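Heads up: the structure comes next, in structure tokens.
Cβ placement follows ideal geometry from the backbone for every residue including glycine, while neighbour counts extend to all protein chains displayed. Just so it is clear, none of the values below were taken in a lab; they were calculated from the coordinates.
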Amino acid sequence: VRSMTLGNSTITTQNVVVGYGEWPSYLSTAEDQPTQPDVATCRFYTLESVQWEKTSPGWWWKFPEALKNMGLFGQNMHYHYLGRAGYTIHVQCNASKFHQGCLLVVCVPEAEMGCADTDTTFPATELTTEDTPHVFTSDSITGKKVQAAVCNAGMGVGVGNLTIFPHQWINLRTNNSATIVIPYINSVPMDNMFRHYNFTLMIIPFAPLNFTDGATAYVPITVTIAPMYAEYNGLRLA
Amino acid sequence: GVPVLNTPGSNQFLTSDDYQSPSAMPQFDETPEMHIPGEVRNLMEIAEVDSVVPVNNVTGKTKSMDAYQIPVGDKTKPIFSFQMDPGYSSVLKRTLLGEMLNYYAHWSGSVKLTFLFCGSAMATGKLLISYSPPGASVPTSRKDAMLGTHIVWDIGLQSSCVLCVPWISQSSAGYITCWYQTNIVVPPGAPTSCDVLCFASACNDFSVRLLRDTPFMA
Amino acid sequence: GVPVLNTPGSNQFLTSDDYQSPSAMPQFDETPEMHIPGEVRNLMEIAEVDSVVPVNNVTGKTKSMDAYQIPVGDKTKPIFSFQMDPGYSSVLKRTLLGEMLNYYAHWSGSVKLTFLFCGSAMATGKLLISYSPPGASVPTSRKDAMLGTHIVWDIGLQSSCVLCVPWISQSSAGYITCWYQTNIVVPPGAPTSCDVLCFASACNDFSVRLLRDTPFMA
Amino acid sequence: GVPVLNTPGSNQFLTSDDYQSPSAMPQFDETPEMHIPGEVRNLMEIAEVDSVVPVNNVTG
Amino acid sequence: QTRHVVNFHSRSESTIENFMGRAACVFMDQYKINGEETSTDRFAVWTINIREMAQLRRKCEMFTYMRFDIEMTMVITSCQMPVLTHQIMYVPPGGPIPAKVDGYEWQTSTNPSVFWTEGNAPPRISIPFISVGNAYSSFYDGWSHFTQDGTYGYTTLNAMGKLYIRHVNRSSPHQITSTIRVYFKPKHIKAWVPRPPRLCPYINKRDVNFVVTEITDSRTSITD
Amino acid sequence: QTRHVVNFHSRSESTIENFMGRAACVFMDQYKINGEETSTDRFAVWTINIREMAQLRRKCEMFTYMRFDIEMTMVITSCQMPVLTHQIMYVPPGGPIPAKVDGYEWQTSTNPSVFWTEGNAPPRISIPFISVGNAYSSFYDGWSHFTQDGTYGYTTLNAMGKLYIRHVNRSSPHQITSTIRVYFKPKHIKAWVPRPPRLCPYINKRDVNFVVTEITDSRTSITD
């Protein structure tokens, strides 16, 4: 049991999957000069806990803008139009000893998702609802929204071989916590934080939750994101 | 000047050549290469990644995520059974392993399988994972599977048993059957029926030769 | 002789090649090169030269030299305001800076601005030159411009204030507004209305990549 | 570039030449050579082997 | 066939340059020589992108980011005269395009073009890494216009240019219908961030939309 | 499009040789093969000068003085026979010119000429720095004839020569109309004395005359 603290946010934790074997880092020019906030920003932003029942198909969050209303990070998104960060993501499950199940906690950089009924697009509020997650579906759906059927998560790939990305299994038999570090994967050193979704944290239950008639009918999944090494553009003159 | 003579093969266009193409934008200087995390420098680095194998791909459970779940919890018929060849096998053909191998005609190597038991932390039982050589016939009973190659995988102690199946190549393969050694013993509080996930990748190193077009795309 | 074979791309005419052209006048010996003053060896040596920026390019003042004159001498609306991008901006598109940048598609660098106050030697006042980042909105008031980036430029002390605007590139830009901090204080002898000239060049060094044809010529 | 001039015999196909053929499968790496018993490296190694001679090859 | 001892140890064919760097025909198109002075059927276009045919698109979607020089060689035919000369004009991402076969854009000095006359070896034109960023992005989970406007998934970093192709002969007595086959080839290719293979069939050439497909082919029971 | 982080540091494309040294088509012209034994429509002329088309002229007017070798490659077509052979005769500034397709000047040993037959690679002829002075002058604020006579702004130092082009075939059964496209290219170029860019549109190809144009595009107020 390790009680991590960052700024004015302390969580209680119980091995880290460093995404692509690199730890996030700063970009290191007088023509373009970055600003490193460091203060705040790096604290833990615990999202709303998500109840995982027997019939839950999955969830996804789209970062960096899932934190668009989360304190100083969410506020520096509006004053700087360029930025980058690292996002340590803790995912606890705090189930009991008699619950069973298994989760895939994967980050999937550049998850371009497909519309439900092709030949058209979706109204941009279907990919993300800031803090709250969009759930997947168990079967096919229609309408101007994301084709959120599992077995074809979002991108038209098999959902089983979604393990190529930075992932972590949460098998309630053994463990309950996951932690992933995603060192800002992008083709340009800095990019706008409202246009571009750098990665898509999606939690997908492979083995479904199961229990008997006495336990709690759900297992709350807690998601915590710590934006590390966030740096922005300069606002001062040179 | 220099007396030259054109050989057969001059002024032709061989599709697969490695000649110095005259650059159309010589003055142009391209963007400097930054360091982007996660470089791939060989395709067999994708095959070495574990990924879930849809063993329970029966006729009505392939468009849901019930394809990946092996139901555990009749001791006379095996739990599951499938050909051990990532090509031309419904179970292992759309795996990362089985999908980076359909780009090629000649491949040879070994393949490791991980069986993650996704049951309760109180459920306890034994499963017998038998392997048949590529020429042998499948075991029809549990005893006949015990007399060959097997691993009595105690679930209550470890929850993940790893294999490494050799002699996997094409240019009549093995079998990974699984048997109820014991039933799943469970206390009154925990549920009775559990699931077992499977995984597959390249065990140590994988050999692969002749590139071709994939059959899946039309 | 030497067995050669022609590759694809033989006997073609690529417009952008750097091959050894057979000289038509080989006997001819060209005139010796004398030293002529003022050699240009890079185009970005033209962009680094200051030149007057027509800020007051309103609908009827562009064919006269009233385009270059910013009238100074209502404190609620700013004196002038313009996009900070030498391309696709009416104010900075025909500057030496803005004109050697329309020959190119990819350019990135910084740009310095000099505000030469061309009033009397007795006129005294303050101007507040605010800069908005390329994502931010313009200040609607003088206080809101004071809370961002600014430089309270006292005219009575110095008559030329120099900026250096970074993050200027294309492949939604900044703003240089100017405000009446104080009015222009003038003795009885000197005139009341003054002018402010502006300048623009490359601040330290300028990066520029992809050559193209200019839009201006038809 | 280099001033060359084509000799008589350019752009012809002599059947018996030993020129560098452009390989159609350059990426392809061929199978390693194992040792197989009984290599022939000259045809006159077949002529040096005794063999029965049909001397009594009469009409029937 | 029979199961043989496939005994060897090699992964030189599995590298990225030996997997992606293969020439494939990506653009057939017709273009006439005479008639209809204001027509769009006297030249070709083909905006250069990796999402041309599904077989190569699938390979480009193994990886999120990749950078590579392209070296295309055209194979031009003709039907129905003099000896014909063609023009394959590559315009960069920042470049003017012709509207007619006799536009002024064809004479732009910044648009490199090859003038291949019929009978010779095929024309080869090589284009370096043009993109503004540091790699071409196969996928772009983002919006082109800020504040979640239209045009999802299309970034302007992975723009490669266009390829305008015409006859340079002004006219002809009879009709000549030329056919061009552009052979695209990645070169000096690097690739980052691996990605699972495509499962569903492709719908459209500018989006990732799909129909929900089964994971694998079904069998009768779990034990057969 | 969207504003990306255009992060790089390079000015190799902004040098003079990487700015001026680009091949541009500067002369299209027709010339027949037979008929009208005394006609001016059986050969081409094009007195070589930088003031051909406004797009390249604008670039040459960035600088007052410049010196450079020129390396032009012609692209010759034909319409309507035998195999055709052409002749591209470059006459120096001091050189006799033909008056007809069958003049004696075509046989002058001091006028270098290429004999390109149809079907091969395009003919390339390179001309060194011919001028009498030490550089070509883009502008000449002076009078050719002393004591302020006529012909303002034309110096004889920036004379480059002429380019007479004909068929060498004496006749033909039918009419053949050839088209030539001269691709001018500065080479090994130096430039002195920078100069502000042209603002007004061009009027004529031998003078600097112009119509008074506005400085920039107008906007509504000084503050919008």
| task | Put a label point 7 Å from Cα along the Cβ direction on E:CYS25, then list its distances to the equivalent points in the other copies in nm, shortest first. | result | 2.8
| request: Provide the per-residue ³J(HN,Hα) series for region A:156-165, in order, calculated from phi with Karplus coefficients 6.51, -1.76, 1.60 and θ = phi - 60°, each as a whole number of Hz, with x at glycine and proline positions. | output: x, 9, x, 7, x, 8, 8, 7, 5, 7
| query | Hey, for E:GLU37 with labels 7 Å out along Cα-Cβ, what do the inter-copy distances come to in nm, ordered shortest first? | reply | 3.5
| query | To the nearest 20 debye, what charge dipole does chain C have about its Cα centre, counting +1 at the Cβ of each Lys and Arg and -1 at the Cβ of each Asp and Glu? | reply | 1200
| task | Select the chain F residue whose beta carbon lies nearest to the rotation axis carrying chain F onto chain E, and write the distance in whole Å. | result | F:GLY119, 5
| field | Cβ-vector label at 7 Å, F:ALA99, separations to other copies in nm | value | 4.7
| task | Have a look at F:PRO173, F:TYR152, F:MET62 and report the one farthest towards the positive end of the charge dipole of region F:60-185, computed about the Cα centre with Cβ charges (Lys/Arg +1, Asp/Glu -1). | result | F:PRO173
| field | Size of charge dipole - chain F - debye, nearest 20, with Cβ of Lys, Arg +1 and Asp, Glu -1, no other charges | value | 480
| note | Amide H contacts under 5 Å for E:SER126, restricted to residues at least 5 apart in sequence or on another chain and with H modeled in the peptide plane, are B:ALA24
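Identify the chymotrypsin sites (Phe, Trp or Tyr not before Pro) of region F:93-146 meeting these criteria: DSSP loop state and at most 16 other C-beta atoms within 10 Å of the C-beta.
F:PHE115, F:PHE139, F:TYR140, F:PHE146
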| note | Distance in Å, no decimals, from the C-alpha centre of region B:38-89 to the one of region A:60-99 is 33
| task | Using a cut-off of under 16 Å, list every residue of region E:17-34 whose amide N is near the label point 7 Å from the Cα of E:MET81 along the Cα-to-beta-carbon line. | result | E:29-34
| message | Checking the cross-link filter: which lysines have an alpha carbon closer than 17 Å to that of B:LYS112, excluding same-chain neighbours under 8 positions apart? | response | B:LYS93
| request: Answer with one residue from A:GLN51, A:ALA30, A:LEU127: the one whose Cα lies farthest towards the positive end of the charge dipole of region A:1-132, charges on Cβ with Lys, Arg +1 and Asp, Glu -1. | output: A:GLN51
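Estimate the FRET efficiency between D:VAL40 and B:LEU14 by the formula 1/(1 + (r/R0)^6), using the beta-carbon distance for r and 41 Å for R0, to the nearest 0.05.
That gives a FRET efficiency of 0.80.
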| request: Work out from phi, with θ = phi - 60° and the Karplus expression 6.51 cos²θ - 1.76 cosθ + 1.60, the ³J(HN,Hα) of each residue of region C:15-23, listed in order in whole Hz, and give x for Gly and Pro. | output: 4, 9, 10, 10, 8, 6, 6, x, 6
| What are the trypsin sites (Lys or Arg not before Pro) within region F:121-224 that DSSP puts in a loop, where the Cβ has at most 14 other Cβ atoms within 10 Å? | F:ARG170, F:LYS205, F:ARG206
| note | The summed charge of the E:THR110 Cβ neighbourhood (under 12 Å; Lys/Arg +1, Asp/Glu -1) stands at 0
| task | Take D:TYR19, E:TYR154, A:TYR26, B:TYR68 and order them by how many other Cβ atoms sit within 10 Å, fewest up front. | result | A:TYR26, D:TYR19, E:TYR154, B:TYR68
| note | For C:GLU33 and F:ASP207, extending 7 Å from Cα along the Cα-Cβ vector and measuring point to point gives, in nm, a value of 3.6
| request: Could you pull out every one of the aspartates and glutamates with an alpha carbon less than 18 Å from that of B:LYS143, ignoring same-chain neighbours closer than 8 positions? | output: B:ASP74, B:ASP154
| request: Among the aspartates and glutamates, select those whose C-alpha is under 18 Å from the C-alpha of B:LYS77, and discard any that sit fewer than 8 residues away in the same chain. | output: B:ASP144, B:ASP195, E:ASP224
| task | Enumerate the amide H contacts of A:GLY86 below 5 Å, restricted to partners 5 or more residues apart or on another chain; note that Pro and chain-start residues carry no placed amide H. | result | A:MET228, A:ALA230
| request: Pick out, from C:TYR104, C:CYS161, C:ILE36, the residue whose Cα sits farthest towards the positive end of the charge dipole of chain C, with +1 on the Cβ of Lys and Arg and -1 on the Cβ of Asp and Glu. | output: C:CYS161
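Compactness ratio of region A:46-90: Cα Rg over 2.2 N^0.38 Å, N = residue count?
Here the Cα radius of gyration is 1.45 times the empirical estimate.
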| said: I want to check a number: in chain A, how many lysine pairs have alpha carbons closer than 27 Å, given a sequence separation of 8 or more or different chains? | reply: 7
| message | Within chain E, count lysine pairs with alpha carbon atoms under 28 angstrom apart where the residues are 8 or more positions apart or belong to different chains. | response | 18
| task | Report, in whole Å, the centroid distance computed from the Cα atoms of region B:90-122 and region F:169-198. | result | 64
| task | Under 14 Å from a label point 7 Å along Cα→Cβ of C:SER172: give me every residue in region E:131-150 with its amide N that close. | result | E:142-150
| message | Per residue of region E:127-140, what does 6.51 cos²θ - 1.76 cosθ + 1.60 with θ = phi - 60° give for ³J(HN,Hα)? Whole Hz please, x for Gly and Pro, Karplus curve as stated. | response | 10, x, 6, 7, 4, 5, x, 9, 6, 6, 9, 5, 10, 9
| request: Mind listing the long-range amide H neighbours of E:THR15? Cut-off is under 5 Å, sequence gap 5 or more, other chains count too, H placed in the peptide plane at 1.01 Å from N. | output: B:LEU43
| Evaluated at q = 0.05 Å⁻¹: base-10 log I(q)/I(0), Debye formula over Cα of the protein assembly as shown | -0.48
| request: Place a +1 charge on the Cβ of each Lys and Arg in the protein assembly as shown and a -1 charge on the Cβ of each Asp and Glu, then give the dipole magnitude about the Cα centre in debye, rounded to the nearest 20. | output: 1660
| task | Any chance you could check the Cα centroid distance between region A:202-235 and region C:171-218 for me, in angstrom? | result | 52
